[PDB]
Each structure stands twice: as structure tokens, then as C-alpha cells.
Amino acid sequence: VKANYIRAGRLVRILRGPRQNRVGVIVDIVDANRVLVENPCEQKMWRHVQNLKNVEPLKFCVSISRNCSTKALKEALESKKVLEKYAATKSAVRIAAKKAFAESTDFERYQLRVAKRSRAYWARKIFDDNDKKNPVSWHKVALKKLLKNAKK
Amino acid sequence: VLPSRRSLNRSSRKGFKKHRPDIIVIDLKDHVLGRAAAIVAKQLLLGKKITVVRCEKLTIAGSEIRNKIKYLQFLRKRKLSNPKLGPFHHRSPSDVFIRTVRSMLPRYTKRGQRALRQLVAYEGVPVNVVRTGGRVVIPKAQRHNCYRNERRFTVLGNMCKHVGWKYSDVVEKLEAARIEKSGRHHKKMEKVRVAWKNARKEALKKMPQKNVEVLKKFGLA
Amino acid sequence: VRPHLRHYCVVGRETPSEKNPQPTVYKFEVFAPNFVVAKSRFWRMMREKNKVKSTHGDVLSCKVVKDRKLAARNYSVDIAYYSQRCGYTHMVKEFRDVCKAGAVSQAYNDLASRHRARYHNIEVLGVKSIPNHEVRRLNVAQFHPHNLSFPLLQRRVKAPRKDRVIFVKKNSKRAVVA
Amino acid sequence: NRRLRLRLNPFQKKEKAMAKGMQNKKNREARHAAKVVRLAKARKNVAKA
Amino acid sequence: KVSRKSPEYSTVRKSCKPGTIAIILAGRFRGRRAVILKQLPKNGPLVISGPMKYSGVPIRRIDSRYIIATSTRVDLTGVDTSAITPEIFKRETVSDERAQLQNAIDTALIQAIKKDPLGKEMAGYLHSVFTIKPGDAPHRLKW
Amino acid sequence: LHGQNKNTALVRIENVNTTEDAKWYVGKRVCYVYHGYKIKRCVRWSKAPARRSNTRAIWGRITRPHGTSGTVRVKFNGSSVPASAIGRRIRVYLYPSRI
RNA sequence: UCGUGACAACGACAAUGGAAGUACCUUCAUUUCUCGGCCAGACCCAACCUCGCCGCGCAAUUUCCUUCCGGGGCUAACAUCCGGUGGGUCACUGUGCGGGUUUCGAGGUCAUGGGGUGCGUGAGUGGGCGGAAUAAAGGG
RNA sequence: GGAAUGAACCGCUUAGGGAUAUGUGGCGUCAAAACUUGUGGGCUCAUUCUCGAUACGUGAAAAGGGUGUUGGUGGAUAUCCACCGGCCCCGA
RNA sequence: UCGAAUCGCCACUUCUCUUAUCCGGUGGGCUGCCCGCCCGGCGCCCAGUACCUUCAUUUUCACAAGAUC
Ligand SMILES: [Mg+2]
Ligand SMILES: [Mg+2]
């Protein structure tokens, strides 16, 4: 009941196959199962057929006509600059992060471990000083209750 | 399964306190009965220890009357000479699931009998498994991935109630108490969860800047 | 790329003799998986229409026809099939596709599903790219209007084969087994 | 097997050298361009007839 | 042009070069990092010595099939490694001349490491150990 | 369906699930670890007396992938692995390394 | 066929049998003890068998591509479609095939034989080992 | 070696053994193979001998019906009539 | 008495519901589009990102010769 509609100008992300995780624009609808996709500004991504089970619709949409030329599509993309807006989305960031880890060189993997350990160390220290006052953890709450047993 | 005195003396001599083997706990709510059993049977044969809970929420395709008639036809089969030797018709949902899994195993060999002994089935979530860790699901046997929305299905608990199961009300009362108890505790322990999230955000401002740049590049912070 | 039943054009004639020098040259269109099947269909039609058998004939050419560019179109296919109960049935169907070969491949799969007719009991009479405002089928003409849009519901999504799992945690994406 | 192939056919060395020249990058691009020109020119002249 | 009879002849994979950083896969030093120094005269084993004050691995021989050669390389032009010879291992509580050789090699190796722009990160990298955690897939990595 | 051949064994490895993944493990050494009931001879029985135990191991190697889902075929040197190992743990080492 | 002492274990598939291992015995046969006819691992040569990467021939690629005008159609257009006009010198989906020695990045053989260049009558045959030479004839 | 089971069906026909590849038949579990393959189309919902699902194997079924649903053909008018198929249902 | 096989753990996971569903929640403007607003973790070798310090002769693989119970 809440979904991004399939229409001319809607941006989609490919799920599987050779063009996995690429972004294209729907330029035409043939039937209930297939569409035509093109991305002028990216390598590969010429006009081709795609099954509707292999795409995911995004929030962004361009204002073009059905079966528009690759030129008019190009200016429409440039004017709206939706490609830049999609790149700044959280979901796009996660996909790029997953790729960078797959192409790491095992020395940057060590660097990532050092950075994650440094952040965890500082979080533990900050949490501890904020727990000495205003007890939150189980041991500080229990200690306060036990210190209340001071009638001896 | 209750330890004898011999086990108690041996553990005391060697200073052993507690031990928990590797066990996977599966929440079977809104899972297809046949597809869940087939996946569980293969994993048992590969040497896994599996405990399933909420067996009364398993689903079978078709109307309730169709599945009720199917069970009654099974109940009619018995050894005429001596029914106490004939096939046994268990009525609880957990017993129905165990029978289904047993039919997908080499049950007449020691290897098959050992695999069946590694499975424990429950109705609801008993008190001894509540605090054991996070439960898992099987995406290839989930209802929203298997049935078309317009078809009619049957909940196993409702089917068993009308063919002989006598503890449907008992299980319902126990489940209501567990949701209340767990919900209260999860509403508690939110101040600690918020405090931990705030500490991580307070970090990246005291930690070294070079390590912060690395985290940004890998999309972690 | 996807469709089977490529588009073939076969040109042949009868071997000249001293009763019939310079025989007529015929041209035939057929949709077949490969050219060996395409030539087999050509000689069947030549025998049942001109009394010329493959033993007394030659094949001059057998190539693949190139289609137009990629676009959404309406295709009209007039087709016939045989069954023992009813004999020969002739019909005209319409499909949405991007090429002639795709539309004919659709028709063959559609006839198998709806009438249980196999490949060798089917004859194709023609395929044409017809404009809008000339389609008599509502299920095809509903894709014509501009501003057409619809949502995707009841999706069955699957992970890439490299990342499929068996058991997964209930409140996260962390895999447990596999 | 290389020595058995040469033993059975002493022309193998020159046959393979032709294939390597066929695969060479500069020669194959010139051959592609020359073929297009030759075919196009004959098409225009035949039409003008 | 190198003949099989010549000592300089060798058939080892191109990733295993002097100055390469490798992960030990088997033995008492499994999971630790080290630096490849040279290869023995004939087609023999490699000689590895991760800076012993860094990883704890002394001068040793190792087979090329029991190390994973990473892409991190430290320039080794300064270190001569001429004293390394098959006779030191041939001889069958460490000895004085063995300790002196180890100290001389370690001093040159440490200076060469510090010469690299990422010298401090390299020193920490050599301290780290490698292990297979539950849920890891070494076949998907790049090294 | 006719029966089994005990000269080849099938091993399922965690997090492989693909033929291209199983090709990375061709030629790697594997072993099955179990225990007996009295101490017998072992490697370095004299040099390292701390190794003496009831523990035993049977070694083998990976030959080729099996199926399309990451299963591999293993041959255990010159003999079969005992059938009491069906469903138990198998160690897959990372040597000999091609990387 | 039966008794006894010691031992081996064993649910309920009637027992018996076949194949392949293993756990405990046996001390039966053979070999070795400063070299071993034992157990592993890696390396080299030949042979056979795989994988990566790079390519070619052929009017197969014109029932085609592009520009314009005239219909027609939709909404204000554009588009699907029909006639023509003028141009046509990163993938274009058929069919036959190649590539490591003045070298085109690897792997497997516990599924083969080696003396594993030692050597003295135990026959490295190699575009691959030696020693001469430098575009030698044969292609676009 | 396959069709669960079967003298005659399907494949193949046989000295003692390894490696490689196929035939018939298969790839949810039993049970090796799609850890439930496709980034392929349609059709079907079946209440007490319980919808259907490997030929030979009749080794389970007819005439006659259905405003169940999904396709065609020929006529009329800005939707109506007649006829013919597919799966399912009654006859059972 | 026992030499044994197993090799992630958490009092941030260890509550609930949905998939014709604001995929964290939640408003407005003119079908559908547009514009807003508020908010799993650690673990892999310095108890922490500084570059200080012990490792050997167990001298090239062998059940981790070490842990847990
Ligand atoms: Mg030479
Ligand atoms: Mg299987």
C-alpha cells in the first residue's frame, strides 16, 4: 500500500546478474514482467531488457516521456542531478562499503581493526565515567543498594 | 538425564561447575510444516543440535476442515487384532512435528535414532530457554515467502485442539505471562542501551583523528 | 538473446531436368531453434504444396534475418495447430514484445500452456508489428496509455547466490548456519 | 605434444607464425579498416549501374 | 638462460620475494608474521626472520608451501644477508655466534622498516597475529 | 541407489556454498581427529614426551569439488575413513598454499 | 554333544554371509638397529589431463541505422504505425576456428614411470638438452 | 545399472583392479545431485478410499452434464447470441 | 582413578507485531507526485594507536606440545 511505483523515469537498482548493484532509469514498459533500462552516464548500461523480479525501485524519479532518446534522458539526469543525490543516501554508502572491504589488501584490514579497537576503548572509558555518577549498570545499581545497608 | 551421585562426585573432584553444548534455537512461528521439517532433518544428519519452540504456530496450506479430515483418516488406521501394538496417533503440536521429522530420517538404523535424539520440541517458549540467547528463523520456509496471499491456511494449534489436544488453554495462558514479563524487562534496560549508544557517539571526538578517517572510508562512522 | 526460435529465411528450388528446365525459385520464412530444423520445415512445406521432395531439390540459401531496434511494440500472430478431436484450428493472437522472434516464442509457449499443443503440430502463418488503436484485445491495450504506473507487491526476493544462508537471526541479518 | 606435432608435420612452425601475425594488434586493426572501405566502395559502384 | 645445474636456478612462486611479509601457517609459530630474507643456494627453503623483538620469530628455514605471501614489502637493499648460509643450520640454550648473527640482522632489519613512511604502522602490523574466526571465509579474501 | 563406495568421502565445509569457492580448496590437507583407549606411538614420541596421549588422527587430501554447492571429494591416503566419523568434525588446513 | 576357569561383548531386525575400515588382542612370519627393504613432507624430469587470459576467417552483421517531409495517432506535444527524401566508413547476438620456445598467468596425478645426472656400456633425441647464427622464407 | 517391488520393459551386455566420461533414470528429506537453480512463461484449489504427480501397466473408468475459471471461431450493438478447446468438478 | 574427541561470548544478542508493509517513526500541499519534521555489540596480541619491550636449539608439515569442561 506504500511503494515506489514503476513508471517511465523511475530510478531502479539491479539485484543480480552481470549488472548487480548498478543504477539505471526505466525508459519503457513492455508487459507485466519486463521493462527497458538505460543509464547514459555510466559504463555499460545501454538500453536493454530487464525482468521486473530483478530490480528494486528507488525514491528518485525523473520527468521524461516513454521511449525517450538517450540525449533527452541525458539532459534530464544532469538538470535534476539525482545520481548525486542517490550517492549520498545511506543505502548507497553501505553498498560501497561492502565493496571496499571485498577489495582490501589485508594491511588496510589491520588498519580497520586498529580503528575499531580504538573506538571501542574510548567508548568503554566514557561509559565508565558517566556510570560512576548516575548509576546505570547492574554492578553500580547493586553497589548503591548494598551501601544502603549501612546500619552496622 | 538427572545427574547421579557418581557424576556429582566426579565434577566436584575436578572442579567443574557448568557446561552448555552448542545448540541452535529455532522459532517456528509462521513456518511451513513440510519445508521446515525437511531442512531440519538434513541439518540433524550433519550433526547439529536443534531445539524448536512455538510449535503450535506452524502452518499448513489449505482450509482447516480439509486438514482436520486428513488427520481423522490417519486416526482410523489401527491394528485390528491388538490396537495397543498399532500405530500411535499423537495429538500435541510438538509430537506432530517430531513424527513428521522422523518420517524424513533413516529411523531403523542407529545413525537415524541418534539424529532424532538430538531434537527437542516445545509449545511456546519455556522458562529454561528464554535466557539462552537469540532465536533464529528459516527464510526458505517462512509463510510470507511460500504462500500466495489469497490462499487459506491452517494453524497447527487450532487443528490439534479439535482432534484431542487438551492443553491449548494452558499454553495460551503461559504465553500471555511470558510476553508481559519479557516486555517489562525490555522496557527496563533501555537506559543502559541508550547510554551505550551515546558513548559511541561521544567517541569519534576523543579518539585519534587518523582512525576516524579510516572508519569513514569503510562506512562505519 | 533470450528467445529460442530464431528467425530464418530459406531459399530453394527443384533440381533442373529436361522436362522442367529453369524451375521456379521459392522463398520461405520459418521460426526454428537451429538451421537444421529450419531446412526440415522448408522441405515439408515444399512437398505438401509443390510436390517437390528434398531428394530432387537444392537449397540456395539459409540465413538469419535481422530485426529492428529495441522498443515496446504490439505484435499480431496468426497461428494454426492440429488435434485429433477438432482437426485444424486457426486463430489470431496479440502480444507485447520487442522483436518478432520473441513474440513467436511467446505464442508457442502460450499454446502449449492453454491448449497442450507441441512444436511439430503448430504452423505459423505470419507475424506483424501493428500500431496502437488497432488492437482488439483489452489485456494488451491496457499497456498503451501514457502516465501508466503500478506498484510491485507480493515480492519474492532472493539474495545473490554467493550470500544465501540457511539459518538467520530473527531481529538482524547475522547468519547462523551457512 | 609439441615435439610429436612437429615430427608429424614439419610445416607447423610457419603455420603457427601466420596465426600469431593474424592476432597482432596493429595489423588486425588495419585489416578491419581496409575491409570496411573495400566493401563500401564496391557497394556504391554496383548501385551506380 | 639460467641452467638447472647453476646454484642461482630456482622455481618459487613470484609472490615470495626478499622483503615480503608472510603469515606462518604451521609449526610452533602458527599465525605470526615475519619477513622473508633470502632463499638457500640450491632450490632450497626460504630463510625467514620476523624481527624477533617484534613477533618473536628467530632466524629459521621454512618451506614456501607453508606461508601466505602478502603484498606488503619492505625494501631490503641495505641488509646484506650475506652471512646467512646453509652451514649455520647444518650444525646440530642458544649459541654465542648465533646470537651475534641474529642481533646484527635484526638491527639492520629494524632500521630498514623504520625507513618506510608507514614505519610505525608496519611495526604494529608485525605484532599482530592471524586467526580464523567463526564465520570467516579465507577463500574470498585478497591478501 | 545401488550402494556406496568407501574409497571416496564427501565433506561439507562452512561458508563455501559454491563450486568456484570449492575450487580454492583443491589439494588442501585434511584430518579426522578421534581418540583410542590406551597410549600408542606417535610422531615425536621421544623428542616431545608431552605429546603422548590417546588422541589419534587420520590424514587425507581434497581431490575435486562435488556438485554445485561447495561439497568436496576427499581421499584418505591409501585407506578409508571409518564410518564412525559420519557426522563428526573434519579439520581442513590452509596448506599447501598457492597464495 | 556336554561340564568347568578365564575372557569378549551383546537390546528388541532369527541367525549365517559380502565389502571396506577401526578398537582391543595375538606374538605367527619378515625386515632393521648407525645404517634401515619403515612413516611422512617438499623439490626435479618425462607423459597425460585441467584452468585463466588474448584472439581470428566468412555480405552472418541492409526485412537494418540516421535526417527531413506528408499521412495517422495521443495529449500541447513526443511515441507505437504507413509512404516516401537524402545519407549511410565500451555490445549488435549466426557460422567455422586458433594462441607458450629469439618463449602468452597458473594447476593436478595417495590416479603413471624415474638412476630421480649420480656412472664406468644402465642408449636425456628435445622448437624443450648442447653450439652456431641473427628476418634466413612465408604471411597481412 | 534404472522403472519403489516383478523371468520377458528401458539402458547395457559381463577376465582382476584404478582414473576420466556417459546411457536409461534423476537433483525437498529418506537418498548421491539445483545447501528448494533461472536475473522463464502460463494453467489448477479438488470435505471421510481424503486433487494430481515415472511409459509397458486397461497394474481404474464411460455415455451425459457445469453461470467454476482460462482461451478461440462466426454473427449482431454502442454489451448480446451460437459453436469449439485447456485444467478442475458431478456422474464414481 | 581421567590419557582422551568438541575450539565465540555478552546482565548492548537474550521482548512483541507486520510483508497489500511509512524497510526507524511521523506531518503537509496539489489519483499520484511533490515538500517536510523527530530520533546487534564486542572479540583477532601494549587495558591501547604511542611505537617502549621477553620470546630462539621445539634448528622445514605432523591432534594446539595450548585452552575450555
Ligand atoms: Mg635450441
Ligand atoms: Mg543429498
Side-chain angles (χ1 to χ4, degrees), chain A residues 1-2 16-17 43 51 53-54 65-67 114 117-118 120-121 138, chain B residues 16 19 38 41-42 65-66 69-70 72-73 104-106 131-134 140 144 149 179 182-183 186 192-193 196 208 211, chain C residues 1 63-66 73 86 91 109-110 113-116 131-133 153 166 172 174 178, chain D residues 2-3 6 13-14 18-23 27 31 36-37 39-40, chain E residues 26 28 43 45 52-53 56 58 60-63 65-66 89 93-94 120 123-124 127-129 131 133-134, chain F residues 2 6 17 33-37 39 43 48 50-51 53-55 57 61 67-69 75 77-80 82 89:
Chain A
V1 296
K2 186 226 98 184
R16 306 193 275 177
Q43 277 308 279
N51 193 283
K53 290 169 203 180
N54 200 38
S65 287
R66 291 180 67 172
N67 176 27
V114 160
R117 193 149 55 201
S118 198
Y121 160 78
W138 67 269
Chain B
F16 297 151
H19 176 266
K42 167 55 74 177
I65 175 66
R66 167 178 188 83
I69 282 165
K70 196 164 314 301
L72 293 176
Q73 281 288 103
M104 308 183 177
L105 286 175
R131 285 206 220 172
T132 36
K140 273 141 95 143
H144 71 279
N149 287 31
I179 302 308
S182 279
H186 186 271
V192 47
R193 283 199 309 266
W196 272 120
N211 293 349
Chain C
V1 203
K63 56 190 266 267
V64 169
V65 193
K66 181 167 196 166
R73 291 180 253 252
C86 309
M91 52 169 91
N109 289 337
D110 168 307
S113 156
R114 283 191 224 271
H115 303 281
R116 321 283 169 170
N132 298 351
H133 92 269
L153 305 167
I166 301 181
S172 54
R174 182 168 296 196
Chain D
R2 296 177 65 247
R3 61 170 153 150
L6 184 72
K13 297 179 168 181
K14 303 197 157 301
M18 280 173 228
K20 293 176 182 170
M22 221 66 210
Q23 150 162 30
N27 281 16
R31 203 174 42 245
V36 159
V37 168
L39 280 201
Chain E
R28 70 160 320 177
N43 204 24
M52 190 215 191
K53 86 167 328 172
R60 263 167 85 112
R61 285 170 319 176
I62 199 159
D63 208 280
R65 291 303 168 178
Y66 292 89
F89 310 105
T93 145
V94 85
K120 317 177 158 265
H127 270 272
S128 82
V129 338
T131 181
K133 301 180 309 301
Chain F
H2 54 97
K6 285 175 85 156
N17 68 43
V33 174
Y34 65 108
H35 71 80
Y37 301 97
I39 295 179
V43 173
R51 286 201 87 246
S53 161
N54 281 17
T55 312
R61 278 185 210 243
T68 63
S69 318
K75 274 187 176 296
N77 284 353
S79 82
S80 320
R89 171 73 64 243

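Chain naming here is simple, since letters A, B, ... match the order of the sequence lines and numbering starts at 1 in each. Heavy-atom basis, side chains included; hydrogens, waters and symmetry copies ignored.
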Specify the separation, in whole Å, of atom [atom1] of [X] and atom [atom2] of [N].
X: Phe89(E); N: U59(I); atom1: CZ; atom2: P; answer: 12 Å
X: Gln23(D); N: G99(G); atom1: CD; atom2: P; answer: 10 Å
X: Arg28(E); N: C63(I); atom1: CZ; atom2: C1'; answer: 17 Å
X: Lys66(C); N: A91(G); atom1: NZ; atom2: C1'; answer: 11 Å
X: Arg174(C); N: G41(I); atom1: CZ; atom2: P; answer: 7 Å
X: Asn67(A); N: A77(G); atom1: CG; atom2: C1'; answer: 15 Å

Going by Watson-Crick or G-U wobble geometry, both distances under 3.5 Å, is [N] a partner of [M]?
N: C97(G); M: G55(G); result: yes
N: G21(G); M: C119(G); result: no
N: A46(G); M: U112(G); result: yes
N: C9(I); M: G41(I); result: yes
N: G127(G); M: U34(G); result: no
N: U109(G); M: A6(G); result: no
N: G52(G); M: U85(G); result: no

Requested in this report: Could you pick out which residue, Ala19(D) or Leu6(D), lies toward the 5' side of RNA chain G when each is mapped onto its nearest nucleotide?
Outcome: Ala19(D)
Query raised in the report: Considering heavy-atom distances to RNA chain G, does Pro131(C) or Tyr37(F) have its closest nucleotide positioned more toward the 5' end?
Result: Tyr37(F)
Counting just side-chain N and O atoms, does [X] come under 4.0 Å of either OP1 or OP2 of [N]?
X: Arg31(D); N: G57(G); value: yes
X: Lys20(D); N: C56(G); value: no
X: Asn51(A); N: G41(H); value: yes
X: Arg2(D); N: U101(G); value: yes
X: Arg117(A); N: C42(I); value: no
X: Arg193(B); N: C10(I); value: no
X: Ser118(A); N: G48(I); value: no
X: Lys2(A); N: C23(I); value: yes
X: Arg116(C); N: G86(H); value: no
X: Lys53(E); N: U53(I); value: yes
X: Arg89(F); N: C63(I); value: no
X: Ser65(A); N: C78(G); value: no
X: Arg61(F); N: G41(G); value: yes
X: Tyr34(F); N: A23(G); value: yes

Side chain of [X] only, heavy atoms from C-beta on: which candidate in [options] is closest?
X: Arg66(B); options: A46(H), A65(I), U21(I); result: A46(H)
X: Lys6(F); options: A20(G), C15(I), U19(I); result: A20(G)
X: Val43(F); options: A62(I), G43(I), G28(H); result: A62(I)
X: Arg3(D); options: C44(I), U89(G), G126(G); result: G126(G)
X: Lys14(D); options: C44(G), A137(G), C30(H); result: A137(G)
X: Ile166(C); options: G38(H), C35(H), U63(G); result: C35(H)
X: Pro134(E); options: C30(H), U22(G), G43(I); result: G43(I)
X: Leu39(D); options: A62(I), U101(G), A59(G); result: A59(G)
X: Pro208(B); options: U49(I), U59(I), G41(H); result: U49(I)

Should [N] be tagged north or south? The rule is the sign of the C1'-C2'-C3'-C4' torsion.
N: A60(H); result: south
N: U66(G); result: north
N: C89(H); result: north
N: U58(I); result: south
N: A7(H); result: north

Would you classify [X] as touching base, sugar-phosphate or nothing, given that sugar-phosphate means primed atoms plus P, OP1 and OP2, and contacts are heavy atoms under 4.0 Å?
X: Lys140(B); value: base
X: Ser69(F); value: sugar-phosphate
X: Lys133(E); value: base
X: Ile179(B); value: sugar-phosphate

Query - Of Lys70(B) and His2(F), the one whose closest RNA chain H nucleotide lies more 5' - result: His2(F)
Query raised in the report: For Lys53(A) and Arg114(C), take the nucleotide of RNA chain H holding the closest heavy atom to each; which residue's nucleotide lies nearer the 5' end?
Result: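 With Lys53(A) and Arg114(C) compared, the 5'-side residue is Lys53(A).
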Please give the distance between the [atom1] atoms of [N] and [M] as a whole number of Å.
N: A21(H); M: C51(H); atom1: P; answer: 45 Å
N: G42(H); M: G86(H); atom1: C1'; answer: 11 Å
N: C92(G); M: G127(G); atom1: P; answer: 42 Å

Stacking status of neighbours [N] and [M] at 5.5 Å and 30°:
N: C51(I); M: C52(I); answer: no
N: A33(H); M: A34(H); answer: no
N: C44(I); M: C45(I); answer: no
N: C38(I); M: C39(I); answer: yes

Base orientation of [N], syn vs anti, 90° cut from 0:
N: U102(G); result: anti
N: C7(I); result: syn
N: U22(H); result: anti

Report task. To the nearest 0.5 angstrom, please state how far the CG atom of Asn211(B) sits from the CZ atom of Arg117(A). Result -> 10.5 Å
Query raised in the report: Between the base of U21(I) and the side chain of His144(B), is there any donor-acceptor pair under 3.5 Å?
Result: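 In this structure, the two groups form no donor-acceptor pair.
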Query raised in the report: Taking atom types as they are modelled, is there a donor-acceptor pair under 3.5 Å from the base of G42(H) to the side chain of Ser113(C)?
Result: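 Indeed there is one.
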Query - Stacking of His186(B) on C15(I) base (centres under 5.5 Å, planes under 30°) - result: yes
